[PDB]
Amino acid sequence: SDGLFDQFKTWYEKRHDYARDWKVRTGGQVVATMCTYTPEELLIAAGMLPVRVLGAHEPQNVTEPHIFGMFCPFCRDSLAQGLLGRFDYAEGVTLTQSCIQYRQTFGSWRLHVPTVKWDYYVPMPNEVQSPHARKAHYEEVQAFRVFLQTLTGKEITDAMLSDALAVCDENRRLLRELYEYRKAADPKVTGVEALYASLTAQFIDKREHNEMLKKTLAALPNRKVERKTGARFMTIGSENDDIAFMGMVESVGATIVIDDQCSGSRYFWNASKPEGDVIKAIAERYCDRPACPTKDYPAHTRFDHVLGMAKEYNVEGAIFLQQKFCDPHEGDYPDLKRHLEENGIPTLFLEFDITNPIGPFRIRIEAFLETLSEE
């Protein structure tokens, strides 16, 4: 009704129009990024627009020659976007190492997307719990900085890196401030609205995105809430970027008040620590971030993080959205489910392909709501 979040919705729907126009306005390069561990500060410092590759959630038949169908819908949907030419404006492509399935999206993209002029794979340590991981990632971030300086022919100075980190940290802090409103009994921010904001953060110029977040926060204190909250849900998964599916969830008598997913909290959660060596500040921000399941060993630190968010946001039911074939989240699932249920949070499991008829999921959500009414 009031359209406060309409700019984020426009940015999502017209993401590619945005990037092309950004290139006209700035003369800069665009870089297709993969996985939320990409050290975007370095790309921004190099004068580039990072744009996270996401899927289109449409039927596609272009990936079968490149990625075997035992792998997840997201890695295939993402690759399809490159093969279809929808990122033709992006000179670069980069992935920072996590899930091995996603590495195929990167490898097939750099080999077969003919508009790619350069590529870079960052082998960020998986074992962020090791006392040696932060030094290793410091060196990986420095090596990528050296690569980018060479590629552009322009020195990337500590001041340039610090300014880029400041913009990213401001975005992280503003998104956390937005999320704080979700803790209220009648949230002034729906889960869909939070999702538009946190997803577009990943492919809009962060200075422009920060300005829009600040405008949103200026409006929230006096925003009139008309909808009923219903049950307080949390969504959990890998990416979880199907906004249309989340809108259904919030139309049946519930509000998504918090999430554990890379479209949302797992992307932005922590700002960097104050620190004079900017390479250390950047590298450690990513090692200290809530971990992808692939990076969560020997301890399942994720379980404490998910339960902590669920309690702090007063969650009544948690919905696991799982991509078919998703090994890292499948490996964590049975015990993470048990951890939430043993701490008083009932759970629901839903599995997703590239496209799915919405009807069967709505029936399952409606049945889950009935269970929350009991006991």
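Numbering starts at 1 and follows the sequence shown.
Novice: For the stretches 185-193 and 117-125, which has the higher mean C-alpha B-factor as given in the deposited record?
Specialist: The stretch with the larger mean CA B-factor is 185-193.
Novice: On mean C-alpha B-factor from the PDB entry, just flag whether 160-168 or 217-225 is the higher one.
Specialist: The deposited B-factors put 217-225 ahead on the C-alpha mean.
Novice: Which listed residue, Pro346, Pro50, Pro334, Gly69, has the largest C-alpha temperature factor in the record?
Specialist: Out of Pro346, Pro50, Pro334, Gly69, the record gives the largest C-alpha B-factor to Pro346.
Novice: Given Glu139, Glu275, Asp242, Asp260, identify the residue with the highest C-alpha B factor in the PDB entry.
Specialist: Comparing C-alpha B-factors across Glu139, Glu275, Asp242, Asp260, the maximum falls on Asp242.
Novice: Sorting by Cα B-factor within the chain, modelled residues only, which third would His209 end up in: lowest, middle or highest?
Specialist: Tercile = middle for this residue's CA B-factor.
Novice: Consider only the C-alpha atoms of the modelled residues in this chain, order them by B-factor as the entry records it, and name the third containing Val30: lowest, middle or highest.
Specialist: Middle third of the chain for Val30's C-alpha B-factor.
Novice: Compare the C-alpha B factor of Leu42 with those of the other modelled residues in its chain, then answer lowest, middle or highest third.
Specialist: Lowest third - that is where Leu42 ends up once the chain's C-alpha B-factors are sorted.
Novice: What third of its chain, lowest, middle or highest, does the C-alpha temperature factor of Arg134 fall into?
Specialist: Lowest third.
Novice: Test of reading the entry: by CA B factor among the chain's modelled residues, which third contains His305?
Specialist: For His305, whose C-alpha B-factor we compare with every modelled residue in the chain, the answer is the middle third.
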